[PDB]
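Note sheet for the following structure.
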Amino acid sequence: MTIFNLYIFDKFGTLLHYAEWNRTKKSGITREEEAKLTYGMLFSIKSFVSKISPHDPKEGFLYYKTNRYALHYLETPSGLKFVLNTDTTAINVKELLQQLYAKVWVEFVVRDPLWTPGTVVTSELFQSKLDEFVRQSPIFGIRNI
Amino acid sequence: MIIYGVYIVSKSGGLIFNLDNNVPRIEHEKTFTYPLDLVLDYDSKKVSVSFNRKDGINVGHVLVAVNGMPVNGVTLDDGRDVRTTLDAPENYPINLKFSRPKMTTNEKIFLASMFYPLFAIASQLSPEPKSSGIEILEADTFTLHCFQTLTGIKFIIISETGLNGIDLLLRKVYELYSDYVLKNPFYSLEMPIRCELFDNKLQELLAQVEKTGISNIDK
Amino acid sequence: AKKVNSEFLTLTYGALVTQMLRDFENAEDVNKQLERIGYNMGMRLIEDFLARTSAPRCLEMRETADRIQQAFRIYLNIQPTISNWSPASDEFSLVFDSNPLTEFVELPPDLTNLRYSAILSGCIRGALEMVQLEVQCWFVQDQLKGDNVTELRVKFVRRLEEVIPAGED
Amino acid sequence: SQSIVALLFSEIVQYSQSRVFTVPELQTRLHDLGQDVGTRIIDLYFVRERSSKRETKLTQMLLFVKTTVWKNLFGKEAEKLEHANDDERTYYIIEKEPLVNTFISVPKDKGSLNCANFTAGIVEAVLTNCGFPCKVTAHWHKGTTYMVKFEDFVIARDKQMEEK
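Protein chains in written order, with the entry's author numbering: chain E, 1 to 145; chain F, 1 to 219; chain I, 10 to 178; chain H, 31 to 194.
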């Protein structure tokens, strides 16, 4: 499912990695402050869904959808955060993001000796693997649930 | 199936109207023994548990009243501390009564105040252009529908995950909002909603939405 | 069933106008407060005009003109006519054909400075406020004043919204 | 339409609240406006419904007003018209539909009376111009009711006519 862009942030809250395939509107502010704004976005969303929910939040927040795009979220029990973003029409992408996490990010970040947690992930190999893996079933859309 | 909390917020974002549907928060009971497996960690007048969840007990779930003695802050109503009884093993076994901390009015006010800029600043520089703020949020046990009237009013109602057609419910509450704001210009455009007429007509709406079918739009 | 009579609303409004003029001798204040209450209505009225048609805020100003045009047919059951656009093509002229509040309600020539139905001229103001499009709007010919058919002149001034619906505020 | 009238009337009410510093003579302003509207409502609805026919019988004129004014103003004629036998000066017209609460109204904690008084003033103007001067009070008894108190002179003229 081809998508707009993906964000990877450590439990501490730094930008572990960013990926872009379709992001059309190119912002004016820096993507660093943009990453921090998204992280605050996500954490305050998690608080909101945790507290206003009348029943036990097992995994908490799932996603949000807008008029024109939609955003999907993934909380690891490790505290790692994945976020994807795209347009509307597809299979639900929760298992999609989980498959991407297990098959690529675990495969081509954690397994790398050069990769030291608490830092950014800069490697053309992981950029490739992520790119062709999103291009594995890459039509479009989300309509995540 | 029910619409858990129907709310609304002004442009500033103060929660205007805390329309709570009848929402029975789960109450748990257990007769415990000598000092506990439960994590009786004290946290700012909230004698709750963070770890060691058993018997459908959540992190929020807080003791209300041992043997029907409501807790004031951290102490017993009779004036002993919670841990004062915790160290005492003679009364054991003793019946603890846990409930998730029910969001009071001011709590929900603060929740909406802290929430509002989230939706307001919702990925302002989003990847897709010309987009809006958060229109629908979907969570583990509920789904929030926020609907901006293209300026000003934000109808925020939280329904069940599998529920469908909530936009029509937003339409009807928009209608009844107009039907209310008919009367009082001295009701400021940012004053909280305090009117029993809106209350009873929305109770009628709740009675309707007990039935899924929304037709001739059902009120 | 329209649940109203044009005469009924006409009586209520005329009585209210009588009331202000009995309150303040100066027509300046009655105009001020009548436009104030026009602003007041126009803010809530748009909340129902957008309860039927979910039109996007403003792709172009002719969209706004048609929206305000259909508004009166929704409420006052009269179709105004939009015309007379500038070479700038932002402003326009709008024709109200028959005004239910006006119907055989004469005005004192000793009261000419009053703008009688300017509440509508303010309602759109209050309406145009809400969608974040403030407007310099008023009449150039008044069927009240002795003109043939009512004619209000709309000069849009400036916007209040960015690429986000939240907009400047 | 309904929203336009309901609102616009609401601004009459609250602008009076602006010029008024208390409940009771706020209600008096509502009464005065109801009078100023009924003062023509009466003889408008005379021709088009009463077929330009006068009803000297208090019962018949009052019943016909009950039908007509409510039929055209708020659609539904008031439920019931009753005469109290203890006080022939004091009768009742109960209208279960609140015309104030058609536009669902303010909490009646800071205040007591409402647009009910405005339509009561309408009724009072109709009565006083029909040759039956009266006092019409909005009352939250059995919901919305209008108590009507006839002048002893008017009810006396009636009683004398009610000597066939």
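For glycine and all other residues, C-beta sits at the position ideal for the given N, C-alpha and C.
Going by DSSP, F/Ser48 is part of no alpha helix (DSSP H) but of the beta strand (DSSP E) stretching over 46-48. With 16 or more other CB atoms across the displayed protein chains lying within 10 angstroms of its CB, I/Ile46 is buried.
Residues of the region 63-77 of chain H with a C-beta less than 8 Å from any C-beta of chain I: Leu63, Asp66, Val67, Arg70, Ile71, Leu74, listed in chain order. Taking C-alpha positions only, E/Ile52 is separated from I/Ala24 by approximately 50 Å. Excluding five sequence positions before and after F/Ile193, the CB atoms of its chain that fall closer than 6 Å to its own CB belong to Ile16, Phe17, given in chain order.
Going by DSSP, E/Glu20 is part of the beta strand (DSSP E) stretching over 15-20.
Here H/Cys160 has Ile72, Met91 as same chain residues with Cβ atoms under 7 Å from its own Cβ, once five neighbours each way along the sequence are excluded. Interface criterion not met: the Cβ of F/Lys11 is under 8 Å from no Cβ in chain H.
DSSP places H/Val50 outside any beta strand (DSSP E), giving it a letter other than H or E.
Taking C-beta atoms as the reference points, E/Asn85 and F/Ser132 fail to come closer than 8 Å. Contact fails between the region 141-155 of chain I and the region 103-115 of chain F, because fewer than three Cβ pairs, one in each stretch, are under 8 Å apart. Per DSSP, H/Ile124 is one residue of the beta strand (DSSP E) stretching across 120-124. Per the C-alpha coordinates, the member of H/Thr175, H/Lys87, H/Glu118, H/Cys145 positioned closest to H/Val53 is H/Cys145. Of the candidates H/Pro163, H/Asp188, H/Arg187, H/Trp170, the residue whose Cα lies closest to the Cα of H/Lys179 is H/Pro163. When 8 Å is used as the limit between beta carbons, E/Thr38 is near these residues of chain F: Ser123, in chain order.
As the crow flies, the alpha-carbon of F/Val9 is around 25 Å from that of E/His72. At a beta-carbon threshold of 8 Å, none of the residues of chain I lie near H/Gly151; the nearest stands roughly 11 Å away. DSSP, read as helix, strand or coil, puts H/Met91 in helix.
Look at H/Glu112: its C-beta is not under 8 Å from any C-beta on chain F. In the three-state reduction of the DSSP assignment, H/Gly105 falls in the coil class.
Taking E/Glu33 as the centre and dropping the five residues before and after it, the same chain places no C-beta closer than 8 Å to its C-beta.
Taken through DSSP and simplified to helix, strand or coil, I/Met52 comes out as helix. Less than 8 Å separates the beta-carbon of I/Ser15 from that of I/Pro109. I/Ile173 sits in coil when the DSSP states are folded into three classes, being neither helix nor strand. CA-CA distance, F/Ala65 to F/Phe98, rounds to 8 Å. Around the beta carbon of H/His113, fewer than 16 other beta carbons sit within 10 angstroms, so the residue counts as exposed.
Boundaries for F/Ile57: no beta strand (DSSP E) harbours it, and the DSSP string shows neither H nor E there. H/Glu85 and H/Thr175 have their C-alpha atoms some 23 Å from each other. Chain F places no beta carbon closer than 8 Å to that of I/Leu137, leaving this residue out of the contacts.
Contact between I/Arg66 and F/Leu170 does not hold, since the beta-carbon distance rounds to 18 Å and is not under 8 Å. Per DSSP, reduced to three states, the secondary structure at I/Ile91 is strand. For H/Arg187, no beta strand (DSSP E) segment is defined; the enclosing uninterrupted segment is the alpha helix (DSSP H) at 182-191. By a beta-carbon distance limit of 8 Å, H/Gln65 does not contact H/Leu143. Their separation comes to about 15 Å. Contact between I/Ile55 and I/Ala127 is ruled out by a C-beta separation of about 18 Å, above the 8 Å threshold.
Proximity of chain F to I/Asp178 at the Cβ level (cut-off 9 Å) is accounted for by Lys11, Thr151, in chain order. Neighbours of I/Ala60 in chain F, taken as residues whose beta carbon is under 8 Å from its own, are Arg171, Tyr174, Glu175, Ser178 in chain order.
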